[PDB]
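> Sequence and experimental coordinates follow.
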Amino acid sequence: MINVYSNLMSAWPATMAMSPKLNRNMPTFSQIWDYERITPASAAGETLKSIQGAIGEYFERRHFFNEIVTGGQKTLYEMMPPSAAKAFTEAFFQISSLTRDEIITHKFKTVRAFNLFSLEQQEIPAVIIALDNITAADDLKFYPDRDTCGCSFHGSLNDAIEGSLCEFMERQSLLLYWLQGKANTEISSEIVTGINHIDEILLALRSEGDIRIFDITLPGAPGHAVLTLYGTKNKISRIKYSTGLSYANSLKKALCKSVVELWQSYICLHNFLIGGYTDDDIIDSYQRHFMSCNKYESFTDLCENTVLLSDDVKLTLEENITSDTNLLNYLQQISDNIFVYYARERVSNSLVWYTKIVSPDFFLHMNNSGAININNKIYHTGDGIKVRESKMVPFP
Amino acid sequence: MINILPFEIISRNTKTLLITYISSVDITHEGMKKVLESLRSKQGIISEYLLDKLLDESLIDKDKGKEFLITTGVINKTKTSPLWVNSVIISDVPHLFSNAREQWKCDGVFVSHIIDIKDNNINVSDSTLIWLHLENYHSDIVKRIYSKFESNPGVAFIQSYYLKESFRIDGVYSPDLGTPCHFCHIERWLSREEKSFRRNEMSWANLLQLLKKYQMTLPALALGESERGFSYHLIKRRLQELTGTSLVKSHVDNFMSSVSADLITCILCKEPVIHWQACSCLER
Amino acid sequence: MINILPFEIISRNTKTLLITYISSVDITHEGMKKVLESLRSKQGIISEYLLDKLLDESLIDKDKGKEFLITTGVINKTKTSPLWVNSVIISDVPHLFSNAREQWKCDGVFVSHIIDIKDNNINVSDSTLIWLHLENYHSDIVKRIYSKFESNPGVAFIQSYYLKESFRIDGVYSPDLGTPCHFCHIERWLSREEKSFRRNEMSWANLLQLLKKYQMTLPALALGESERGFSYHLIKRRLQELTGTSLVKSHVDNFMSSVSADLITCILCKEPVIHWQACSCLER
Amino acid sequence: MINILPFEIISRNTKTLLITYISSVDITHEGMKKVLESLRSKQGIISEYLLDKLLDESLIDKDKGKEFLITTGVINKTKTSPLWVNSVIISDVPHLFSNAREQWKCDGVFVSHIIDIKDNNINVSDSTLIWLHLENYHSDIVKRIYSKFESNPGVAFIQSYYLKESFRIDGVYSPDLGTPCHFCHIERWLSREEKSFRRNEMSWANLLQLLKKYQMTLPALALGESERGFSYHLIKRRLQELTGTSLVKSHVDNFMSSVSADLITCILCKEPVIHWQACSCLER
Amino acid sequence: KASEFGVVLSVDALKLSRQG
Amino acid sequence: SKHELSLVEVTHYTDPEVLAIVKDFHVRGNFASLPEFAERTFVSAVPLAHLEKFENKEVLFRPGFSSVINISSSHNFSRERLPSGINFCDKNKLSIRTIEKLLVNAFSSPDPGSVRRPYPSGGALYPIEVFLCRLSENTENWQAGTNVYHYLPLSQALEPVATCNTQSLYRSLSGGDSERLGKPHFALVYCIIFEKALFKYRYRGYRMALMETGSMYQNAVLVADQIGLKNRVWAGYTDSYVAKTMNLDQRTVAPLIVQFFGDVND
Amino acid sequence: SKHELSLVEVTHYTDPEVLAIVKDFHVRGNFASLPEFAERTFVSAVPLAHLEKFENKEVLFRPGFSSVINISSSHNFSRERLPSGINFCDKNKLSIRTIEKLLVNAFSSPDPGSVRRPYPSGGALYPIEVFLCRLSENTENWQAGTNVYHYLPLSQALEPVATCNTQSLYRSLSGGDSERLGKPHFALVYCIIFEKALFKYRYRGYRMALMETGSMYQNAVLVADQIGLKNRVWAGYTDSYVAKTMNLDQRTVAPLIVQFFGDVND
Ligand SMILES: Cc1cc2nc3c(=O)[nH]c(=O)nc-3n(C[C@H](O)[C@H](O)[C@H](O)COP(=O)(O)O)c2cc1C
Ligand SMILES: Cc1cc2nc3c(=O)[nH]c(=O)nc-3n(C[C@H](O)[C@H](O)[C@H](O)COP(=O)(O)O)c2cc1C
Ligand SMILES: [Cl-]
Ligand SMILES: [Cl-]
Ligand SMILES: [Cl-]
Ligand SMILES: [Zn+2]
Ligand SMILES: [Zn+2]
Ligand SMILES: [Zn+2]
């Protein structure tokens, strides 16, 4: 369904398609394929949200992978206020073997940004934002490992910022959980949500294997980052392990989105595997790594090393006194150095927005097997599990 | 009278930041925050009278206030009457259009001049749509027409050219209206090939970039009389769609749409054209 | 249930004629004239007990009298427990229906309430057909009504509204029966009205529009008293088909389908629509 | 048969580029440049003997040279004996086609004769496709052509004409294959244009008209040079699809179907029509 | 394939597959 | 399952114009057939009293003429097809063993390692799905409370589909004529996946898919006759209501025909 | 003949809107499939190299999940359906006795006084006609020079239809793929009479008629397997050309599917 096809020389991607499904209670899956300009973009959920999500995922990934042009070249201390420049320097000093002297005198390619709290306009290094190897090629020695953490696309700036904040919360929460093994609470694996498509997925997963659901929200933060985990020993199952993650203000909303994120990763990899596609078809190193984690030991390794702050397994999905504190206040207490990269483009009589929330006081990206700022305002080397500090989290 | 362009204001306590398609501005006057909050809720349209009232209520000089709103890209002042009083065709094949000016009057299309692209000293009047039609495409030809005429009052541009088996008609580029340009399409397309996650080593970008290096134009492939007659009619009808148009009773989507025609199947594909954030047409 | 069908009973000198849709009879029995006159002054449904009483009072055998009334087309007897036990009309012009509840009883149509869309705290019972009629259309109104009532056991909806020069009555939306909703209908008509020469509505221009909050109004011609009267009759007859005194049976392949009327030519077109690919009504 | 496909071979300084619909090649061999230049100056079909000679003259291995030319999209080799061995164009505006026979050879289209409809004693050979093109339509002209040629062994017909704001090309009428004739087509379009909201064309008003001698003219917009050029290209491409150098294959479900073009929007619609119930083409 | 005659710069893979 | 095809792979080739035109046509033949609409709808455009003249007749290539080449019935080696069952009665228990026998013989190869089926299909695409609906509490069940299953003819297995009660399913499948139908033990519902029928052959695929459905129910007629079940192919149902009750997504898949199975005694 | 129905009686109930809409749709699936169009047309929208992934697969109600109820193949009492014949060879003579056996067993009751058939039909209307096409001079004939016949399933008789030569018929039925087909002895052509399919049930009758066609060719598959004939159901023909060659009136009747029969040796 949909099935909009574009010529190779079109501005628009090769194919958009909404997949048919027999079961009215399964989520709709929509996908955009655009050769290997980017890897295919998809979303799942309610029909229209799935369509909107696939389009948004495509616009987002195309922007960060294919379309960034930098706005000049400046040193860190020319580019932003002094205490932001110092935090970047301390991030970059851990990422490469280069000296602080080399870091503070290097002229980085710049992109526009504003401080999340003060709205003070500045620039940040383009090398953090652009995913291609051309845009900020001469800065890659300082920051060789990039990814799309905190990236979002939407029709309004506030919605894009909200989307970026949610992803930032998700990934920072996931890395802390990965490194330390600490979660706030477990939600019952037999939980019933009342939402037909969520319960359909949960029942199917429970019948195929087993699940665990953890609230891994950054300690003291409002809202809820919910991590869903799946694993099976069943021989004829192609998916031995999968995961989903989502952050929202509502615990129920976060859990529902998390379940659908899991189903999405489960089914994409399942379809890759029954399609018989080769490893040469995988061009993304995070996707390659995730595929090599498709084994029951990923599930057991996570679950057996998880320690809960609360022993009581939650049977209901109510909020608590911390859930609705101010997220911006919470973040600012940790660090004033949180920035919003932004770009916008006219579409008819509207603007669409690309944003990325970036902080050198938090993890700059999610690959702790690569070159990462391991020492920051939420983690320091030796705090958590040693082997985890050199291994990438088993998450796509 | 006044089109309100899309924009955002973000506030944090007493800090306010305005972002338009072309600007990012710290808003520190209370009056201007109130003007912008009002315009943001109005949704595309306002009368000069209501804008003037809104400015007076917020204690902002009307002339300083409107110059700011126009310059930063919050509003544009455009006419109820037709945007373009006439059109000119600039081409590398001007002989194709040797009877178009006379013929197209009966379709209500008024083309005042056909101009050879090889002419040294091309002049174009105010409020004129410039149609640039090329059988031999090179990006520098479009760049030189843009540089010559972008500051002509009320000017707009449309380009037509050939890409393998397709004839493409770009959207309308209007500096006044702030619509995308030729390069918002083609340079963005080339960017996506160059910056592909995995480059296609047999990309058509290789041809286009090699033609730049070798100082060569991209020819239309084996056009005959019939392909040219087909192109001629498409040009006529597109011009007709742009005649008598303004923001008063013609949606911006008439301008921000391209038309591609497969010359083999004769099938037309009408597609949206959007701005590219990196384009130099936004440096303003 | 005994339904009184359309008829007249007329008299002049010593002559009395019964005329129904089925037959005409020169009436020569005074008692039966009396019965027919009393039946003519009643509205739609009559208790069999009162019919018997009427016949007894005119000294007519009940069986022979009933057989006469049935065979000539004065009454019929129905047995079937109906799917919706009641109808309500929700509207932005409730005054158009201020006599509908009492008038339409003589067509066997039970409308319990006329509800103004402006009312907060609108309640509807089990197994009710909800007719939503809008002169001033906005998609948010339909969404509010669905949001409130889609879960009501046995509910169904019909929506009516104006589009260009037409009056549209959607097919019956029944979640229990899995039939297409209003949004399935309005997308079918909006697609057909586009001058694309294509059944398929999807392209990048449409995909980009689907990013915005789904909402719309509809262009339509200004309504006069006669358009409202025509509409009123079509509503009545449609309700009558579904829940009232059936006068003409519908084939099973088009009984729940949409009905569209051109207000200029007065021609009707009855058409089943498919579920719209981007609609979530099926998933609820 | 060797067909030469669309391409250009361009040169500047020491750089030479081949561009086809399939590929682009930076040419570094002088002999192959020479071959490509000679092929570019020829029209459509070339004898394999001359191709071999061309390759021999440039000291290129014949097999390797041919493989290069085929794989890059310069030539292809076809094997199939075609259904119509020749085409003729019969028209009331034969001057519109006065260069068509010579031009269209480079699209692989063999048109043996342009015939003026005013000619008495028009002859056509076995297995010929007859294209009848009318600016000034009258049904009697079509009837005369059918009356003369329907019995010719292997004949087929295509008819083209204008109706309202459209250019119509009928599906191929082949008595051997049993496909619908012109009258089947024109009745389908006349029915669709009636504002009856009905697919079915029959009523007493239509039956009474069928009593008169079957004859008609068709209303249409006045044609300019651009409409004629557009039409000319569509004719060429249609003939090319059927009998010429195939560039894009057609699916078997729509290869012989009608093609209609809106002259305002330039949108094409390709549609199979049914045999008209009142037509006698099937019975002949 | 690479040839003695030149270097292939670009290919329209869809059309090549159909030249299936 | 070992033979799984994702519909994602199929939709890559879908022509959305073909799909829409086919769905538009298809829905013209859907019925609203419910007991509650009995007095306000009709099914037959021919009055009951005149139907006899149309039933079990031959139309001739040369009407009015009788010169024919007669063929002997001594070449017939076949059993008479049993009369279609009606007034079904579910008093006796019906085993899953009987239903399994129907399914594997009608739709599957005797060899479980083979992917060939006892009915052909254009392009070997097999776009028609068979669903099993349990309609009486006197029918034995595989999984307690699951009353709709999907038969996988290559895996030779049943996939659970729905836990609707037996009464809801019966109501949806039997349409207006449920009193005359009686009480069958189970039904088969044959469903078209639109995009699987259309993606290769376009419009002609729809025609091929409908024909395939008939080849499938015919195997079921023949197998049912051999195992002592009565059956009736049945078009008198409300398509959208059957789909909804089975939790089918009508954008993708539509029920073409229902086939009831059971006993006929009292 | 004793069972004759005049189409005059049928058309009295025809809705001309239904008829036109159905014909309009139907013709969208017709093909122009001829050897002379081989290099300018295509049939499959999927490239040959990717077709394997779609052939002989199962689509799942719960994709990605494998919890199923397995059924044993020990319940299967059936023979494997033979592979569909291809590269047919007509070197051996084929008797009218063999063709008669096919016809009476597939389409007729063993009792010649009965009007029931071995396949059911909505409303007992039987709107599908079977035509027999003789395709090789190595096929024996009933009437010298007549190569198309119409089978009357209740009379159990053949009506002469056309005296076109065997080569013209073969050309029309085999479409573009005649080299691969080879040389079958004969074909069955199944045809819908539009007004007979539509007059009672309206649009749903079209769907019923197409399904009925599949029940008919399936009986023929099964009977052919038992009498040692090979067969192939075939959609690769030019519908209007087949109709014309058989002298069918396309306003009334259209070929839905062709079925080739013969031997496969060399
Ligand atoms: C409706 C229908 C149309 C068919 N059309 C063709 C055809 O045009 N060409 C062909 O070679 N086979 C055709 N077949 C045969 C199938 O390709 C065949 O049944 C399938 O490949 C499975 O092979 P089998 O029958 O040998 O098991 C058709 C089958 C059906 C049911
Ligand atoms: C496609 C199809 C649909 C049918 N629909 C119905 C139906 O809705 N109601 C019914 O009683 N019988 C239905 N039948 C059964 C026929 O009425 C039956 O086959 C016919 O009357 C001949 O009777 P027999 O099967 O007992 O020989 C259907 C048969 C077919 C093939
Ligand atoms: Cl929330
Ligand atoms: Cl309310
Ligand atoms: Cl003459
Ligand atoms: Zn630009
Ligand atoms: Zn809907
Ligand atoms: Zn005709």
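Thanks, I have the structure now. Residues are numbered from 1 along each chain as shown, chains lettered A, B, ... in the order given. Ligands and ions are numbered 1, 2, ... in the order given.
> Which residue of the chain lies farthest from its centroid?
All of this refers to chain A. residue A:101 (32.6 Å; CA atoms, centre = their mean).
> meant chain F, my bad for not saying
residue F:67 (38.9 Å).
> circling back to that earlier point, which residues touch the residue farthest from the centre of chain A?
Counting by CB atoms under 8 Å, 6 or more residues apart in numbering or on different chains, residue A:101 touches no other residue. Placement of C-beta: from N, CA and C, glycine included.
> That one and chain D, how far apart?
As judged by CB to the nearest CB, to the nearest Å, residue A:101 and chain D stand 47 Å apart.
> Tell me the spacing between that residue and residue A:164.
33 Å (CB to CB, to the nearest Å).
> coming back round to it: in the host helix or strand of the residue farthest from the centre of chain A, what's buried?
According to DSSP states H and E, residue A:101 maps onto helix A:100-105. Applying a neighbour-count criterion of 16 or more other CB atoms under 10 Å in any protein chain shown, one finds A:103-104 buried in helix A:100-105.
> near chain G at all, stretch F:73-86?
Yes. Stretch F:73-86 is in contact with chain G by CB under 8 Å from any CB of the partner chain, via F:73, F:75-81, F:83-84.
> Could I get the CA-only coordinates of that stretch as CSV?
Output of stretch F:73-86 as CSV, limited to C-alpha atoms (Å, rounded to 0.1, in the frame of the first residue of the first chain):
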residue,chain,number,x,y,z
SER,F,73,-22.3,-42.3,-19.8
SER,F,74,-20.6,-45.7,-19.8
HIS,F,75,-17.3,-43.7,-19.8
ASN,F,76,-18.2,-42.3,-16.4
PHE,F,77,-16.2,-44.1,-13.6
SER,F,78,-17.1,-41.5,-10.9
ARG,F,79,-19.4,-41.4,-7.9
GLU,F,80,-22.2,-38.8,-7.8
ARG,F,81,-21.3,-35.7,-5.8
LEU,F,82,-23.5,-35.8,-2.6
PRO,F,83,-26.3,-33.1,-2.3
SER,F,84,-24.9,-30.1,-0.5
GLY,F,85,-25.8,-30.3,3.2
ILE,F,86,-28.5,-28.1,4.7
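> Check whether it comes near ligand 2.
Yes. When contact is scored as CB under 6 Å from any ligand atom, part of stretch F:73-86 falls within range of ligand 2: F:83-84.
> Mind checking which residue lies nearest the centre of chain B?
Chain B, centroid-nearest residue using CA atoms, centre = their mean: residue B:173 at 1.2 Å.
> if I read this right, that residue contacts residue B:145, doesn't it?
No. Contact criterion CB atoms under 8 Å: residue B:173 and residue B:145 do not qualify, at 10.2 Å.
> Which residues are in contact with each of these two?
residue B:157.
> Count the neighbours of the residue in the stretch 51-200 of chain F positioned nearest to chain D for me.
Nearest residue of the stretch 51-200 of chain F to chain D: residue F:200, at 10.9 Å (CB to the nearest CB). By the criterion of other CB atoms under 10 Å in any protein chain shown, residue F:200 has 21 neighbours.
> got the buried residues for the one helix or strand residue B:38 maps to?
Secondary structure from DSSP H and E places residue B:38 in helix B:30-42. If you call a residue buried by 16+ other CB under 10 Å, then helix B:30-42 has these buried ones: B:32-36, B:38-39.
> again with stretch B:199-207
In stretch B:199-207, counting by 16+ other CB under 10 Å, buried: B:200, B:202-207.
> Let me know the closest of those to ligand 3.
The closest of the buried residues of stretch B:199-207 to ligand 3 turns out to be residue B:200 (CB to the ion; 41.1 Å).
> Test my guess that the closest one contacts residue A:34.
No. Judged on CB under 8 Å, residue B:200 makes no contact with residue A:34 at a distance of 11.2 Å.
> that older thread, just the ones of the residues of stretch F:73-86 next to chain G in strands?
Among the residues of stretch F:73-86 next to chain G, DSSP state E puts none in strands.
> The residues you listed: which two are farthest apart?
F:75 and F:84 (25.7 Å; CB to CB).
> the more surrounded of the two?
Remark: of residue F:75 and residue F:84, residue F:75 carries more neighbours, 20 against 17, as counted by other CB under 10 Å.
> Look up how far residue E:11 lies from the residue lying farthest from the centre of chain E.
No residue in chain E has its C-alpha farther from the mean C-alpha position than residue E:20, which lies at 15.1 Å (CA atoms, centre = their mean). In this view, residue E:20 and residue E:11 are 15 Å apart by CB to CB.
> residue contacts, the residue in the stretch 1-150 of chain F that ligand 6 sits nearest to?
Residue nearest to ligand 6 within the stretch 1-150 of chain F: residue F:16 (31.4 Å; CB to the ion). When contacts are counted by CB under 8 Å, 6+ apart, residue F:16 touches A:1-4, C:200, C:202.
> hmm, try it at 7 Å
Taking CB atoms under 7 Å, 6 or more residues apart in numbering or on different chains, we find residue F:16 in contact with A:2-3, C:200, C:202.
> which one is residue 183 nearest to, not counting chain neighbours?
All of this is about chain A. residue A:214 (4.2 Å; CB to CB, 6 or more residues apart in numbering or on different chains).
> wrong chain, I was asking about chain F
With CB to CB, 6+ apart as the criterion, residue F:183 has its nearest non-adjacent residue at 4.3 Å, and that residue is residue F:90.
> Keeping just the C-alphas, turn stretch A:90-98 into CSV.
Presented in CSV, the C-alpha positions along stretch A:90-98 are these (Å, rounded to 0.1, in the frame of the first residue of the first chain):
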residue,chain,number,x,y,z
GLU,A,90,37.7,17.8,28.1
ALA,A,91,35.4,15.6,25.9
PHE,A,92,37.8,15.7,22.9
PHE,A,93,40.8,15.1,25.1
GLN,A,94,39.4,11.7,26.1
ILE,A,95,38.3,10.8,22.6
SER,A,96,41.6,11.1,20.7
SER,A,97,45.2,10.9,21.9
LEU,A,98,45.8,14.5,20.9
